[PDB]
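Computed from the coordinates by the stated procedures, all read-outs in this text should not be read as laboratory data. With ideal geometry, Cβ positions are generated from the backbone for all residues, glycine too; neighbour counts draw on all protein chains shown.
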Amino acid sequence: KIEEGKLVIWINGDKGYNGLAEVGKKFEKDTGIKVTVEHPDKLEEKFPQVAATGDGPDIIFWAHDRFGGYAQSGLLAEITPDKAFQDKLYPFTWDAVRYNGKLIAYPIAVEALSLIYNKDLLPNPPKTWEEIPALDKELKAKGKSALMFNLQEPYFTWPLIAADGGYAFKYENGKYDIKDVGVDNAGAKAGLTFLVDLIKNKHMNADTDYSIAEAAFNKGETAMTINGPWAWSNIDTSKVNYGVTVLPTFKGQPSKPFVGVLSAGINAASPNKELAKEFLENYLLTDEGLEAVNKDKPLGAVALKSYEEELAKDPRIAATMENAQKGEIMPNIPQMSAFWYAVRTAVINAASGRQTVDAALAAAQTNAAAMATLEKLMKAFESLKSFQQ
Amino acid sequence: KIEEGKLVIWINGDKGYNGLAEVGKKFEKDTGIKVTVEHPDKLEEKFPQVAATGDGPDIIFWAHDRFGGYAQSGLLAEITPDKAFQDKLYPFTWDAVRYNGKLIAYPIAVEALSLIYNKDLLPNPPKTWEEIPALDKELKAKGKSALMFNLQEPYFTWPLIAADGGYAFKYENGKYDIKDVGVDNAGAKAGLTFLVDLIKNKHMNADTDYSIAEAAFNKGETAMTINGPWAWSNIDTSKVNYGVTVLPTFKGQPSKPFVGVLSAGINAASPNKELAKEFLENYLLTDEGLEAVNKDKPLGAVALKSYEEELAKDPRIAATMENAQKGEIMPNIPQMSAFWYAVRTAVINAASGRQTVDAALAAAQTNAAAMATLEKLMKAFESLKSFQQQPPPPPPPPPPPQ
Amino acid sequence: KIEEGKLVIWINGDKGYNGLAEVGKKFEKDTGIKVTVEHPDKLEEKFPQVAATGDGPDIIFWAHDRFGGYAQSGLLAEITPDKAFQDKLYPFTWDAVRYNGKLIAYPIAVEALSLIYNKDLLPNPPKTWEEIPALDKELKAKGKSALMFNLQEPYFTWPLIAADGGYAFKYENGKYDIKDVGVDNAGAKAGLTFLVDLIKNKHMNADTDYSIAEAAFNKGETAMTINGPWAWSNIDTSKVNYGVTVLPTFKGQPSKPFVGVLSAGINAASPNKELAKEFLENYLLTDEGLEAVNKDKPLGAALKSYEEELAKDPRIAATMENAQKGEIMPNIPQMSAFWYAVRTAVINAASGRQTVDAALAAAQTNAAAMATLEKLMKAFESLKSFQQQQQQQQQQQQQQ
Ligand SMILES: [Ca+2]
Ligand SMILES: [Ca+2]
Ligand SMILES: [Ca+2]
Ligand SMILES: [Ca+2]
Ligand SMILES: [Ca+2]
Ligand SMILES: [Zn+2]
Ligand SMILES: [Zn+2]
Ligand SMILES: [Zn+2]
Ligand SMILES: [Zn+2]
Ligand SMILES: [Zn+2]
Ligand SMILES: [Zn+2]
Ligand SMILES: [Zn+2]
Ligand SMILES: [Zn+2]
């Protein structure tokens, strides 16, 4: 039901969940200790319930952004690897799995937006953000346009918002700083400034969302979109000749897109911690391990320095990786959830004219901190009340 | 409300804008840039409504205390005055036009509380409290009190409470230690302890606010009262031979009144800021720039050193200026509103005899420091829930102790 | 009223209150000062409301934690014994009577938890928890049990949880750092992890409460229980042959129980301030004074010399020994809320339905919130009760 003498891995239904059980068998063929990968529905939500009673999986596969829940909630064993092993991945990926200093997951793959352009329309794409109105008046003449991506979401509008100085919090020494909301600076100010120009300079429409936009790339009706690897197959179907690259540097400085690291945390309740350790280190995080997990469902950039260079032959993959190095690791705290919506509102207020540049960002910042007290206070009410009962 | 090639100023409609509008033409005369000056009822309320959409006036006049609200709201521009021009203004005012680094406005006119006596009654004032008892009893033999002032207002009583070591928050570099309130302390402890004693020693009363106290002074029923420049009109009308001078000291320290400095800021959204920095830096802050503005309706004292001297000849002004230089450049930070009211509680219960000095003040920490979060938190809740089994119930009431 | 030159003391009915009234005799004698000890009702509710109006006793006896609530609400006079005196009582007792670096009460009695154990079944006590399971084995065979105590309560359990590194709020420099809580740290985990291992390995009994605990010992059906100086009364009564000793250590590291301190404080309003310290330090603190108090109701164990005459009693001896190795019950407001969430942790961690560092981090998270909800709530109250009382007065009086 729960336990011991074998591993019960969890990974989201849509991942290389077979390609992993392929590896999980390579394991059984060497140790004599069985592996059982499962993929239940709401599997990111079930976890805490069953870990609260101390049951479920020995290990958990998921984006790092969620474990800061589990790890805080107390549901992750602080894993210790070896330095000469921690040197087999990439430097930053280990940062996506810190908590209080305590490493709590093994990174697997990477997730980041990259510039996606039409090969049949652009040579050779824009080196920077600064000359994209110049590129656009050329193509708005052909019936087309230069670029189109979502504006009803930070995650997309963030890479540009950051670029020049704007952060979210301050990761310091394995330590996120929740009283340092990196939005109300000239870096994130002049980022957002630049953007809402091409909105009112008519290089982009205000109500441009994920679907309406996406579709228009292919087509080829718009010349560029900013999107992540999870999009490719739709474009692949359109035939539409496309390439992928490092995002347009802004003010000379590289863009800062969020980084989503597929992780594999080991359960605090797991009695098989050793076995899992071995499984992940000796078998999964080998090349041919991720040669088996990619080959079911592509992983984008992987964490293994080792087995990134073999996948790097693919141009589309190398750009993802470079981007995710010039990227900015997505935070994993509670405050995150709450931060999102303020900026989600800030940009939606700036894009519309409801407010301006310097205003909406103040409105998030101070807010962000204040609103957080409400979310934190409510947590007590829920925890308090419940108990009393 | 724009563009572009002209500025639009707003100023309170009791302030001498005619003098400011008189700069309008004399400035418009040398540059061509037409200037229209407006007194829009509720501007200090209205301004954010418009400022935060890409509008408003181009530059704004108001007390520095409300300029915190604006700067945080990212509404005012960081202005960088060339460049040893700061030396042509009083050093302390620049600690009313600053926000976590950002020098957020141009300070014009210093207001502040002062000591006004009845020259015709008590010819030469006390420079200390202590002898106020001695004085009430002295004049009582003529059927008049000695001092009477708004007890009901901390703003008016704070000077005293603070005198010995009390403070709002610890300022020290465009920065206040928001957590560190100074109403706890041993300074303020002994401060109010005096004021309290004054009431029960029969010297003065509890029901002593503006109305009663102005009536009482303006008829010559008391020797001295504590008031700002605003009352000046009314005592002139009630034909008294009055005199404003520096506030009585207590326990050997100057009284720390509350310094409010009229500042002029610039809409951070406005297309033409460079003009305000020629208008304000080059024209409005002159001798006959401020002069004219003052000459409509008196500014109070002035943040400028030069025309301060010219005005300092009138003692009343010189006293106001001096009082400010003994005071605390009133915190513009937003939990100041919470600070306020939670002493207006403390000083009353202590005054009524319902509580003691040491009790109230201490509890004041609870008045401010939690109402601070509740004030801003209660505001955030709406903004979030406003624009944008099935759980345990909503407050605004949460739960009781056990 | 409020006194005026006479000493009204306020001790609780169950403390040495006739014996204290006796020291009000040698004091008066050669100082000529009228002294009334009177034992009121729930004086930790009466005091803060008479204190508020400058009324009440000139002197209040009581545990220091409620004294927190008072010193906090600015109700108590900072007092000074000299450095020559300071060195008179034990140092650790000083770190209990210190709000914001300001020394606010005089300590007279310590109240710590003990290993209270039956000599007839276990004539040499366990010095370690580690063996406690392996001991139950031998005891179960004899028809009896090894150890019982109220699990449905932190105050008892904490001492073990506290063992390896578990603290409430981090004591550092005269003030208990409120943000630094230490229920999560690995040390505490270990502390509870052991208690749960005991409760699920059936050495313990889940719904073991106080009655079930001491009564199973006072009847003589378990080798040991964990209690304090209050319980002695009855163990004696049933003739149970007992000693009391130092509790057991965990990882060679010693058990760490909460120290409570029966303390005398001085009303900040109290008109007759100077008399009090002359009364206390020079007449009460004295050996015979304390003896006299004790000579009515035993105070248990706090004066570093007079201690010895009592300490001849081994059971009192251990209470001290224990309390020296112990954490002190801190006095600020966050404490009360802490107790609620630490209860949670233990109580359902015992139930398997929360495991384990789970219940033990969610506590650290309840604490952070049940904290700044508790403060915020008590402001909102203190407001809507002095904005109302105001209107009522504004309307009541006004009207006609
Ligand atoms: Ca299953
Ligand atoms: Ca190794
Ligand atoms: Ca107009
Ligand atoms: Ca009585
Ligand atoms: Ca003796
Ligand atoms: Zn499924
Ligand atoms: Zn353009
Ligand atoms: Zn291969
Ligand atoms: Zn008007
Ligand atoms: Zn007197
Ligand atoms: Zn002149
Ligand atoms: Zn002149
Ligand atoms: Zn066992």
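If the reach is capped at under 16 angstrom between alpha carbons, list the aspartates and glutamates near A:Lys127, excluding any in the same chain fewer than eight residues apart.
Straight-line reach from A:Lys127, under 16 Å: A:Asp136, A:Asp164, A:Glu322.
Using 0.36 nm per residue, how much length does the chain from B:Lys42 to B:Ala141 gain when fully extended, once their Cα-Cα distance is taken away?
Length gained, B:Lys42 through B:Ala141: 30.8 nm.
What order do you get for A:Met148, C:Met329, A:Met378 when you list them from fewest to most C-beta neighbours inside 10 Å?
In increasing order of surrounding Cβ atoms, one gets A:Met378, C:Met329, A:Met148.
Once the principal axes of the Cα atoms of the stretch C:171-220 are found, what is the range along each, listed largest first in whole angstroms?
Taking the Cα atoms of the stretch C:171-220, the three principal extents are 46, 24, 14 Å.
Could you work out, residue by residue across A:361-368, how many beta carbons of other chains sit within 10 Å of that residue's beta carbon, and then give the average as an integer?
Mean shielding count: 3.
What net charge is computed for the residues neighbouring C:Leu247, neighbours being all others with C-beta under 10 Å from the C-beta of C:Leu247, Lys and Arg scored +1, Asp and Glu -1? Can you show the working numbers first?
Numbers: positive: C:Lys127, C:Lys256, C:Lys325; negative: C:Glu321.
That works out to +2.
Which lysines, if any, have their Cα less than 18 Å from the Cα of C:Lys142, not counting same-chain residues under 8 positions apart?
Once the sequence-local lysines are set aside, what remains near C:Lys142 is C:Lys119, C:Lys202, C:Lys219.
Rg(Cα) of the stretch C:16-85 divided by 2.2 N^0.38 Å?
Working: Rg = 14.0 Å, N = 70, 2.2 N^0.38 = 11.1 Å.
Its radius of gyration relative to the 2.2 N^0.38 Å reference: 1.27.
Hey, fewest Cβ within 10 Å first, where do C:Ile328, C:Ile108, B:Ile212 land in order?
Starting with the residue having the fewest Cβ neighbours, the order is B:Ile212, C:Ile328, C:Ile108.
What do you get for Rg/Rh over the stretch B:1-117 if you use C-alpha atoms and the Kirkwood form of Rh?
Checking Rg against Rh, the ratio lands at 0.97.
Mind checking B:341-347 for the average number of partner chain beta-carbons within 10 Å of each residue's beta-carbon? Intermediate results must be reported in sequence, preceding the final value.
Details: counts 2, 4, 0, 0, 5, 1, 0.
Other-chain Cβ atoms within 10 Å of each residue's Cβ, averaged: 2.
Suppose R0 equals 25 Å; then what is the FRET efficiency for B:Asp287 and B:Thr80 from their Cβ-Cβ distance, rounded to the nearest 0.05?
Given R0 = 25 Å and the Cβ-Cβ separation, E is 0.55.
Work out the FRET efficiency for C:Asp87 and C:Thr237 from their Cβ-Cβ distance, taking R0 = 56 Å, and round it to the nearest 0.05. Mind showing how you got there, number by number?
Values: r = 40 Å, r/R0 = 0.71.
Calculated value: 0.90.
Express the Stokes-Einstein translational diffusion coefficient of the protein assembly as shown in µm² s⁻¹, to the nearest whole number, given a Kirkwood radius over alpha-carbon pairs, 37 °C and a viscosity of 0.692 mPa s.
93 µm²/s
For a protection proxy built on the mean count of beta-carbon atoms within 10 angstrom, sort A:52-60, B:312-320 highest first, please.
Result, highest mean first: A:52-60, B:312-320.
Semi-axes, largest first, in whole Å: what does sqrt of 5 times each Cα gyration tensor eigenvalue give for chain A?
In descending order, the three semi-axes are 37, 27, 17 Å.
For B:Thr53, project a label point 7 Å along Cα to C-beta. Then give me every residue of the stretch A:338-354 with its amide nitrogen under 17 Å of that point.
Under 17 Å, as judged by backbone N against the label point of B:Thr53, lie A:349-354 of the stretch A:338-354.
Starting from the exponent 0.38 and prefactor 2.2 Å, build the expected Rg for the stretch A:206-265 from its residue count and divide its actual Cα Rg by it.
Dividing the Cα radius of gyration by 2.2 N^0.38 Å gives 1.34.
Going 7 Å from the Cα of C:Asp95 in the Cα-to-Cβ direction, what parts of the stretch C:231-263 have a backbone nitrogen less than 15 Å from that spot?
Answer for the stretch C:231-263: C:254, C:256-261.
Which Rg and Dmax, in Å, describe the Cα atoms of the stretch B:335-402?
16.2, 51
So which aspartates and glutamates can A:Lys6 reach, going by Cα to Cα under 19 Å and dropping same-chain residues fewer than 8 places off?
Hits, sequence-local ones excluded: A:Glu22, A:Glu28, A:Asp30, A:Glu38, A:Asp55, A:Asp58, A:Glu274, A:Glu278, A:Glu281.
Could you give the nm distance between label points at A:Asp296 and A:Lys313, where each point is 7 Å from its Cα heading toward the beta carbon?
My value for the distance between the label points is 2.3 nm.
At a 10 Å Cβ-Cβ cut-off, how would you order C:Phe47, A:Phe85, B:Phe381, B:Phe169, fewest neighbours first?
A:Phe85, B:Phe381, B:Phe169, C:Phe47
Over 23 Å between Cα atoms, which of B:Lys326/B:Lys376; B:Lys376/C:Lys375; C:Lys34/C:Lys88; C:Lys83/C:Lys179 qualify?
Check vs 23 Å cut-off fails for B:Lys326/B:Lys376; C:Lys34/C:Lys88; C:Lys83/C:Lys179.
Could you tell me how many cubic angstrom of Cα convex hull volume the stretch A:320-359 has per residue? Each step should come with its number before you reach the end.
Details: hull volume 4.2 nm³, N = 40.
Measuring per residue, one finds 104 Å³ for the Cα hull of the stretch A:320-359.
Checking the table A:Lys385/C:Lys384; B:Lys273/B:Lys385; C:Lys102/C:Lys312; B:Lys251/C:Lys46 against a 28 Å threshold on Cα-Cα, which pairs fail?
Values: A:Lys385/C:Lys384 23 Å; B:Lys273/B:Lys385 36 Å; C:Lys102/C:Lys312 34 Å; B:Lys251/C:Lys46 35 Å.
B:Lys273/B:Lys385; C:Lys102/C:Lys312; B:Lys251/C:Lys46, as the Cα separations exceed 28 Å there.
Divide, for the stretch A:253-389, the radius of gyration over alpha carbons by 2.2 N^0.38 Å, where N is the residue count.
It is 1.49.
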